[PDB]
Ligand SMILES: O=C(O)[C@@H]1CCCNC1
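Only one chain comes next, encoded as structure tokens, the form deposited without this ligand.
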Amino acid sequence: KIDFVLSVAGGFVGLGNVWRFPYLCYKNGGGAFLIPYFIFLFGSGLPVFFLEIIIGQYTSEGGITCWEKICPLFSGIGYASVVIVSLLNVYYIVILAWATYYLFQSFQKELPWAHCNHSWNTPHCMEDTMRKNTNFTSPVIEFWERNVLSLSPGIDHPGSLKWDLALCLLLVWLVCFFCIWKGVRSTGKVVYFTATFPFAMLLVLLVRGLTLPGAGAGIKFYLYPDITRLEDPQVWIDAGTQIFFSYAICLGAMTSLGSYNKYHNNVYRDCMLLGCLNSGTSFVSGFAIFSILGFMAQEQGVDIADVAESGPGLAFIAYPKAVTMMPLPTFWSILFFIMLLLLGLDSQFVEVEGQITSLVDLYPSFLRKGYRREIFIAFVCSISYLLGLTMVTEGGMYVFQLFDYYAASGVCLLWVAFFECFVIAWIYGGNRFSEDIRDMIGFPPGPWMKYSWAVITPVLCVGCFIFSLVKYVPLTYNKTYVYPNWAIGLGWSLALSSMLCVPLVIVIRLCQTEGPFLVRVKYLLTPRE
């Protein structure tokens, strides 16, 4: 019973939980994020994940291939999924570069982010305890910004390519290359350690968080909504995007993984178990982070909203602080970042495998013709690496933020989710889909799933996608920095590179297929056997 969950759950429990959810929650002012978060969870999160698993089992094919047997017109969903994955794999691994650099910096008698007598520091520094006594700065935040990140004043100023992080990206990509080449997977005796250790570390950090003198204010900030001010579009898209990103839906790798599953199991109950497990770990890491932030507010004498970066760096500001308040800091630092790498890589391997096993479908007689696969993996890793380098320049943080918002996040996931639900529920037919599910697992989806696909999910996706474009506000890196319009254009280009796959494939397949126009439409709407 546990063996399967222990093996597979690590594939998409990952940085989305321990890293992304906390900084998106902080960015959106804490507890206000939870309302739309759970609304999306129980409206579209679990049902759409179940639907993806059902598609995977039903069609036994990857994203590029399966939709041919459901609705040929909307096969563009496969290319959208594959390109979303091909963009996620580029920037998702950059987080592991920072984690690796932190880990290699941990091998010291005293941690570099514990004090600010070190060289890279501004003269405006003071140790947190001394900030009680202005423009004062905290050693952890400026370590993050100037040693690890060496943050340039803007995306317009890429600066030098940091060799110490470039070699980290190389190391992580070599790990991925050899693991995917050798077919390494969580099935050996190491599975227990690899799957259990992250949760033990999360328990440790949870207890370290709640015990601190300032934890209560942090939890109050974490759990108290402000509905009267914060119900702008940003929180709604961020919550829906977080749900869709964490469950890895609309990526197509879920359908690829699901194709290996067995139909004899109670897929419904297992989907509920996996969803509850993942959302619970996210929600609990929320307590850990925000109790640490409450302590930072207590110690520094600034409001909780101002203590740390309102951006990707939050985890690398919060946890590095936490390990500075535990006995023998170096031991916990090494454990934490080895844990973070083990948590991220086990999921990075799954996407990369999905990417390869999907791309082979574009030319199986040429890419899968033999030894070529061992070279194709090297090609994919090389191209992803050389694109990753852009995020490792001194200005790379802004590029990473732009990618993290637009490339595999935001309106594009809403777009793909809307089209999946719309196709299956209305073009293919919810009743036909329920009959197929009856054949597969022996019982119909029921009302919750049926209405989630037919009404709730389309309404939520379209509502957010419209609301933001009505109440639009642009991206920022921290609370202050505003992107130039050309960078916003690049971000929208990353987003649209996946969205346009559906309309363009519709056009391509209408034009290619013969006959009068209604014949074309009907012939491409009706499923292949």
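Definition used throughout: the rigid core is the maximal C-alpha set that superposes within 1.5 Å between two forms. From 1 onward, residues are counted along the sequence shown.
Here the subject shifts to the form deposited with this ligand bound, a form of this protein not shown in this document.
Not one of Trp113, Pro320 and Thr324 is positioned with any heavy atom within 4.5 Å of this ligand in the entry with it bound. Think of it this way: in the entry with it bound, this ligand has a heavy atom of just one of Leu314, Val140, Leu88, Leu149 within 4.5 Å, and the residue is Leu88. When this ligand is considered in the entry with it bound, only one residue from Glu309, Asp238, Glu351, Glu420 comes within 4.5 Å through any heavy atom, namely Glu351.
Proximity of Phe12 to this ligand in the entry with it bound: non-hydrogen atoms within 4.5 Å are present. Although the partner is absent here, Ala248 sits close enough that one of its heavy atoms falls within 4.5 Å of this ligand in the entry with it bound. Within this chain, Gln234 is remote from the site of this ligand in the entry with it bound, having no heavy atom within 4.5 Å.
The closest non-hydrogen atom of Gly16 lies within 4.5 Å of this ligand in the entry with it bound. Residues are counted as partner-facing when one of their heavy atoms sits within 4.5 Å of this ligand in the entry with it bound; in 91 to 125 only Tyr92 qualifies. Superposing the rigid core between the shown form and the other one leaves a single residue from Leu257, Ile155, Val416, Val83 with a C-alpha shift of at least 2 Å: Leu257.
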